[PDB]
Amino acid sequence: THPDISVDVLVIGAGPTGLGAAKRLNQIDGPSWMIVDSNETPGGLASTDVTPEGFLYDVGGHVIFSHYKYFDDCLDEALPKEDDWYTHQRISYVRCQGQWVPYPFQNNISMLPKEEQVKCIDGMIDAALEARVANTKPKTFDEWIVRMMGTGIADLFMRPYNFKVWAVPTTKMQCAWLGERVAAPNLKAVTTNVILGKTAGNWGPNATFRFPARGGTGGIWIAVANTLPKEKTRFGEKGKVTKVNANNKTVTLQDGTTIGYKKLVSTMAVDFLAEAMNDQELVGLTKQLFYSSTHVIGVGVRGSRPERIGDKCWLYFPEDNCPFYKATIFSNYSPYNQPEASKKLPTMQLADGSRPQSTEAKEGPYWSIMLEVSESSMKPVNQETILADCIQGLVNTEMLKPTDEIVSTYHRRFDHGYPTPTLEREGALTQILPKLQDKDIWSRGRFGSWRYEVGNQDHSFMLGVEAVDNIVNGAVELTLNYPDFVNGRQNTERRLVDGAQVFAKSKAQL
């Protein structure tokens, strides 16, 4: 029997990855292609939400630092105007004992109490002395932390914070994933900074970043998707994949429409993929993979941006005085993330969780905060209380005075939030991925390929892109198999306009 539609390359999911695939496919204009999504709005986890009070909220506050000139070109195409972007300097801090410690924590010990400085420097001297002699490699994340920082920093920040974010102990995670993630503190420099009381907040890929002026990060992907031929796309309930038959290479959607593919590029969660395939081997294989759900909490609060907050972007909270691991001053990114000052809104509550002194709509201005709370089977959260706990933590961390008027509240739980880099991960993936590809299926993405090392927006985009480029031009998928390689360099070869396009354009010219 013949399928309703038949393409050479079928792309499932219109998130950054699938949009990357579609962008490269459309750039080449070679094989016939088609992209579907169960969501009427493209963007996936990189989309933006809006509260009834006019407050924008990303999925955990995203930031663009690209290793890819291609990604750069696509973004410059989607939003070409100068005033489409705001450029921001990275201002990051860590909350440790009533202090704001300049990121990276391990490099700013000088801003700690003396008693803790002692412990940290001690552990550092220990770890350094042993590292001078070591020959083996760290087995676990925890081991890597101890070797690179010391027990002082490990117990004061690393262990509790990393459990607070990853929802698993650092002893159950691997250590191959932190090439450009976790900085390795140098003893001499650290102690020098402890003596001189100076700082060093230059380390990190996020040195200087940019953010879309309007519509949040989702606007970027809507704008990108708008560069694609509308007829080659299928977003909404009409594009929801419900079945995948790999034996005869056909995908069945929600409405019943069947598509035939020669090559499949799937960016949905790989466990969902196996579940769709009805391949018990692959289901059982994927069920060895571990992830953590993400709770995104939004708070819109009345008043000018406090002096206490300043130009802070995002902050880490390793302590237990709050349920969230990271907060973001969203209002600092773009004035269009929150309502204008002339907008009148009623006070929902005070930061202490009591009635307002007035239930009338007052003017602004406003500012916005976005918190993230992790969940797993090792770290459950209570949904009905999590908002109140988040606000209460905002009080306890001196983010909000108990007199501060809360204008809006947001809360959304994402089942698949983080692809946990456990010890069993590669053991599962090196089986799952090659077996999918032998059925001509390229499963890529934050949950398609499950590798956090390369699970950022640009990374995903180029996962889709390189998947397609592999399928067509036999290119090697560097982004997928060599995270250190791609993250360690400036990828300037692949562009939105290639020699193929140029030469063909000059070919049809005559």
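Position 1 is the first residue in the sequence shown; the rest follow in order.
Per-stretch averaging of Cα B factors for 215-223 and 174-182 places 174-182 on top. The mean Cα B-factor in the deposited entry runs higher for 101-109 than for the other of 101-109 and 232-240. Comparing C-alpha B-factors across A128, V296, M277, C96 in the deposited entry, the largest value falls on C96.
Annotation for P421, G417, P169, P356: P356 ranks highest, by Cα B-factor. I369 sits in the middle third of its chain by CA B factor, as recorded in the PDB entry. In this PDB entry, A504 carries a Cα temperature factor that places it within the middle third of its chain's modelled residues. Looking at the C-alpha B-factors along this chain, the one for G474 belongs to the lowest third.
Among all modelled residues in this chain, the alpha-carbon of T140 has a temperature factor (C-alpha) in the middle third.
The PDB entry assigns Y57 a C-alpha temperature factor belonging to the middle third of its chain's modelled residues.
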